[PDB]
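These are the residues of each chain, in order.
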Amino acid sequence: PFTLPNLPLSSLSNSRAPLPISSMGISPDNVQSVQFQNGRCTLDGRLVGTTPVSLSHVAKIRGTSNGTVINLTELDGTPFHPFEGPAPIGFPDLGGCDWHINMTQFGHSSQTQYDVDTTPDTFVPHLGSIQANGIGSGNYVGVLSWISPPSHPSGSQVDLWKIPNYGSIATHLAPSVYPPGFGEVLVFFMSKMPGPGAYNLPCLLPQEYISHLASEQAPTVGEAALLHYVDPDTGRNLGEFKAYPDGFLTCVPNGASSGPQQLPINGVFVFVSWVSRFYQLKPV
Amino acid sequence: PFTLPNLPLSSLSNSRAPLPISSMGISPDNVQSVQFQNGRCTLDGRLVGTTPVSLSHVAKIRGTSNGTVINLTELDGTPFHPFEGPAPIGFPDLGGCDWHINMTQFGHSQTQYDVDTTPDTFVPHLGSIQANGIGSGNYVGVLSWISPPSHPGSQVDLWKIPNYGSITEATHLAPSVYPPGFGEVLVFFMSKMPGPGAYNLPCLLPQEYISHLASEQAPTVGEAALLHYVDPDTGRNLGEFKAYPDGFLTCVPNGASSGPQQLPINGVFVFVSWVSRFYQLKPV
Ligand SMILES: CC(=O)N[C@H]1[C@@H](O[C@@H]2[C@@H](O)[C@@H](CO)O[C@@H](O)[C@@H]2O[C@@H]2O[C@@H](C)[C@@H](O)[C@@H](O)[C@@H]2O)O[C@H](CO)[C@H](O)[C@@H]1O
Ligand SMILES: CC(=O)N[C@H]1[C@@H](O[C@H]2[C@@H](O)[C@@H](CO)O[C@@H](O)[C@@H]2O[C@@H]2O[C@@H](C)[C@@H](O)[C@@H](O)[C@@H]2O)O[C@H](CO)[C@H](O)[C@@H]1O
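X-ray crystallography is the method the PDB entry lists for this structure, together with a resolution of 2.30 Å.

Under the PDB entry, chain B has the name 58 kd capsid protein and belongs to Norwalk virus. Each PDB entry has a title, and for this one the record gives "Norwalk P domain A-trisaccharide complex".

Per the PDB entry, chain A goes by the name 58 kd capsid protein and belongs to Norwalk virus.

Once that is clear, we can look at the overall build of chain A. Each helix and strand in chain A was counted, giving one helix and 14 strands. Against the compact-globule benchmark of 19 Å for 284 residues, chain A has a radius of gyration of 19 Å, which places it among compact chains. For the C-alpha atoms alone, the extent of chain A along its principal axes is close to 55 × 40 × 35 Å.

What follows concerns the site of ligand 2. Residues and elements named next belong to chain B. Near ligand 2 the following residues occur: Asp-98, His-100, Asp-114, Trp-145, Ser-147, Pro-148 and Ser-150. Here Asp-98 contributes a side-chain N or O atom positioned 3.0 Å from an oxygen atom of ligand 2. In this structure, an oxygen atom belonging to ligand 2 sits 2.9 Å away from a side-chain N or O atom of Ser-150. Notes on ligand 2: free accessible area 660 Å², of which the protein chains cover 35%.

Residue and element names in this part refer to chain B. A sheet is described by the order of its strands in space; here six strands give the open sequence β5-β4-β7-β2-β3-β6, paired in antiparallel fashion. Each edge of the sheet is formed by a strand with only one pairing partner; in this case those strands are β5 (111-115) and β6 (128-130). Direction aside, neighbouring strands of the sheet carry axes that sit 40 degrees apart on average. In the sheet, strand β2 (residues 60-65) pairs with strand β3 (residues 69-72) via three bridges, with the strands oriented antiparallel. Bridge pairing in β3 places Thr-64 opposite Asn-71.

Another aspect to go through is the domain arrangement of chain A. Accessible area lost on assembly of the parts is the figure often given for the size of an interface. Residue and element names in this part refer to chain A. When the domains of chain A are assigned, the result is domain 1 (1-57 + 149-284) and domain 2 (58-148). Between domain 1 and domain 2, the contact holds 42 residues from the first and 35 residues from the second. Between domain 1 and domain 2 the total buried area reaches about 2,800 Å² when both faces are included, carbon and sulfur atoms providing 63% of it. A per-residue breakdown of the area domain 1 buries against domain 2 is headed by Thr-50, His-57 and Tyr-166, which together make up 22% of the total. At the boundary of domain 1 with domain 2, the tally comes to one salt bridge. Between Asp-93 and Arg-16 there is a salt bridge; the shortest N-O distance is 2.6 Å. Here domain 1 is connected to domain 2 by 13 residue pairs in polar contact. Residues of the side of domain 1 that touches domain 2, tallied by class, amount to 20 nonpolar, 19 polar and three charged.

Once that is clear, we can look at the site of ligand 1. All names here are of chain A. With respect to spatial proximity, the complete set of residues near ligand 1 consists of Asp-98, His-100, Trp-146, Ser-148, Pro-149 and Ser-151. In this structure, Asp-98 approaches ligand 1 through a side-chain N or O atom, which is 3.2 Å from an oxygen atom. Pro-149 places a main-chain nitrogen or oxygen 2.9 Å from an oxygen atom of ligand 1. Coverage of ligand 1 by the protein amounts to 33% of the 660 Å² it exposes when considered alone.

What follows concerns the domain arrangement of chain B. Residues and elements named next belong to chain B. Here the domain parsing of chain B yields domain 1 (1-57 + 148-284) and domain 2 (58-147). Facing the 41 residues of domain 1 at the interface are 34 residues of domain 2. For the pair domain 1 and domain 2, the summed buried surface comes to about 2,800 Å²; carbon and sulfur atoms form 62% of the total. At the junction of domain 1 and domain 2, the tally comes to one salt bridge. With a shortest N-O distance of 2.7 Å, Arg-16 and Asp-93 are connected by a salt bridge. In terms of residue class, the side of domain 1 that touches domain 2 is made up of 19 nonpolar, 19 polar and three charged.

What follows covers the interface of chain B and chain A. Between chain B and chain A, the contact holds 38 residues from the first and 41 residues from the second. Our enumeration of links across chain B and chain A arrives at zero salt bridges. Across the chain B-chain A interface, the total number found is 18 residue pairs in polar contact. Looking at the side of chain B that touches chain A, the elements that each hand over two or more residues are β4 (98-104), β7 (137-147), β9 (188-193) and α1 (207-216) of chain B.

A full pass over the atoms with the stated rule returns 29 aromatic pairs over all chains. Ring centres of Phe-2 of chain B and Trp-274 of chain B lie 5.1 Å apart, and the angle between their planes is 35 degrees; this geometry places the pair in the tilted category. For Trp-274 of chain B, a relative accessible area of 25% gives the class partly exposed. Aromatic rings pair up to connect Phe-189, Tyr-209, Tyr-229, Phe-241 and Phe-269 of chain A into one cluster. Lying over the aromatic face of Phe-106 of chain B, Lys-192 of chain A brings its terminal NZ or CZ to 4.1 Å of the ring centre. Over the aromatic face of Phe-106 of chain A sits the side chain of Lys-192 of chain B, whose NZ or CZ is 3.5 Å from the ring centroid.

With that out of the way, let us pick up the pairing of β4 of chain B. Residue and element names in this part refer to chain B. Of all seven residues in β4, seven are buried, a share of seventy percent or more. Of the two faces of β4, the one carrying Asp-98, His-100, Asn-102 and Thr-104 and the one carrying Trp-99, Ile-101 and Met-103 are both buried. Examined bridge by bridge, β4 and β7 share seven bridges and lie antiparallel to one another. Note that in β7 the partner of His-100 across the bridge is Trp-145. By the bridge criterion, five bridges tie β4 to β5 in an arrangement that is antiparallel. The residue of β5 that forms the bridge with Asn-102 is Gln-112.

Here the focus is the nonpolar core. In this structure, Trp-99 and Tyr-114 of chain A together with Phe-91 and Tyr-113 of chain B are the most contacted members of the largest nonpolar core, which totals 59 residues. By residue number, the principal contributor to this core is β7 of chain B, which donates four residues. When sequence neighbours within four positions are dropped, the list of residues in contact with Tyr-113 of chain B reads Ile-61, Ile-70, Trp-99, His-100, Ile-101, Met-103, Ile-129, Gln-130, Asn-132 and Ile-134 of chain B. With 42 residues, the next largest nonpolar core counts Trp-159, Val-187, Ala-218 and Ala-225 of chain B among its residues.

Reading guide: rules and limits
- Residues numbered from 1 in each chain as written, not as in the entry; some residues may be left out.
- Chains lettered and ligands numbered in written order.
- Heavy atoms only, no water.
- Residues with missing side-chain atoms left out of burial classes, pairs and counts.
- Helix = DSSP H or I, 4+ residues; strand = E, 2+ residues; numbered from the N terminus.
- Rg over C-alpha atoms; globule rule 2.2 N^0.38 Å.
- Near = heavy atom within 4 Å.
- Polar contact = N/O pair within 3.5 Å; in protein donor to acceptor, adjacent residues only side chain to side chain.
- Areas by Shrake-Rupley, 256 points an atom, 1.4 Å probe, with all protein chains shown as cover.
- Pairing = 2+ DSSP bridges.
- Axes fitted to C-alpha atoms, helices over the stretch in contact; angles between N-to-C directions.
- Domains from an automatic or database assignment.
- Contact = heavy atoms within 4.5 Å.
- Buried area = accessible area lost by both parts, 1.4 Å probe.
- Salt bridge = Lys/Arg side-chain N within 4 Å of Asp/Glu carboxyl O.
- Nonpolar A, V, L, I, M, F, W, Y, C, P; charged D, E, K, R; others polar.
- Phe/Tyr/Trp six-rings, centres within 6.5 Å; stacked < 30°, edge-to-face > 60°.
- Buried < 20%, exposed > 50% of the residue type's maximum accessible area, 1.4 Å probe, protein only.
- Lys NZ or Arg CZ within 6 Å of the ring centre and 35° of its normal.
- Core = buried A, V, L, I, M, F, W, Y, C linked by side-chain atoms within 4.5 Å.

This is the structure in structure tokens:
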């Protein structure tokens, strides 16, 4: 029926950058809902936001610099239009930080580091343009390399739970994700992101979970999916979790000892059955 | 019951580099066999060579440099040992060319690592490669672009693999893949690779196929699976293919100028049924 990848978490990838998943976590005290644009897929198999099927499209950009601006296109080279979304499919969605994209060219040698500040009004990927920060004329394909603290919210710290400013504060943003409540906490898959700090990138689903869900457009019954996080070596059930139709998991923490982050990351999520949205999970 | 990802080839990735698939093709006449180390998975879900589950490990290296050599570890940081294989999981497998990997660090603010896979200092199988000017420190690197081999006006031949050991030496490489004959030919998924030329990187299975077969762990009945490359738009069968146990596809080209090379990239492969190894395919 409905299925999730029968693969160990630590072997999967983040969905907002091509990084391996290192642990599971929760949002900080000051984050209730999130609105990531990448790593968004319904249990139905419907890609949301700028989420691509393949990790080979994640946190990447493509376009032509005329010396002052870079006109964006799909990674494909086919045109991008505002009505389609906040930015081209795959566009980085890491807010609260400056980006450093590695730029390459088909037909040309070498690479160039592209420093991106997502706060000026020259940064408008929704309208198909972003400031060329010294990147000279030519066609480029870039991938997020490493990040750093924001240049203009002067002195501010890296905050990856945020999303960048796509439009020039209606960019057709994917709806934001809200915790169901009543004891249930949203689970995030974390990864370490290169840069001058101990940066941790969260995402709602592992990228392979997305390609798998988009592949298995399973007629998802039930308002919520009861899953077991199991150790593939012992078959031991390490705790119950829930998967909602919008494409996110939750669980119930155990007060102090905590929950998700305590669990080892070599486990596998297994679909046990369709339950009601109001089903109660045993702690973890 | 065995399956293949119900996703368009054009939205999937190459398995030897994190690059989108741009087309399908055949090996040049001067290539009778292939021995790629990444992108190897049996229909059984058995990963071979240095093949990883996630694209987040593809064509990446990890190790500590002392300015002279780089002692490699798994992307993980966990140690590597000769007995484990030709190189750590995910180590770039592109022979016939020089590499240019983008090096980054956790905790520091990228460096281009120019790699000649030809010298004596290049022994990733012994977990050690020359630091071509790369300063001391720990780094995570990913292949960015390629260029002609430093040794011997040699051409860029992406159908070869690098010399992992110090030519002939048991580096525990994955076995070779041979065209079963019978008019059948090996099918490759190609991706355009950055560099000073029109480079096309071939692989035996998109990366999305690997994570899927490894997840399915489906018992390989029959000697080969009969496949139909279907157009999702019109639902029409665009040609018959066969998938074999070791993890490769084949087809009978209906002439030199006719083959998978001329089919549209947005089709989906669909398992129709298990047939005899000898089953003759209709030309494509
Ligand atoms: C390349 C880089 O690491 N940029 C970061 C860096 O800020 C840069 C950097 O060169 C540091 C080195 O000491 O000096 C800063 O002044 C510089 O700021 C950046 O460039 C200057 C000329 C102005 O354009 C600034 O607005 C811009 O941020 O660290 C920054 C935060 O301190 C930020 O992460 C940059 O991306
Ligand atoms: C950075 C780069 O583009 N490297 C490729 C390039 O290397 C050669 C050129 O950069 C050339 C430009 O005038 O300068 C040469 O010094 C350089 O040669 C490289 O280093 C020397 C010492 C030898 O070891 C060469 O084998 C080596 O390539 O072009 C070569 C091919 O000619 C390679 O693709 C380099 O990766």
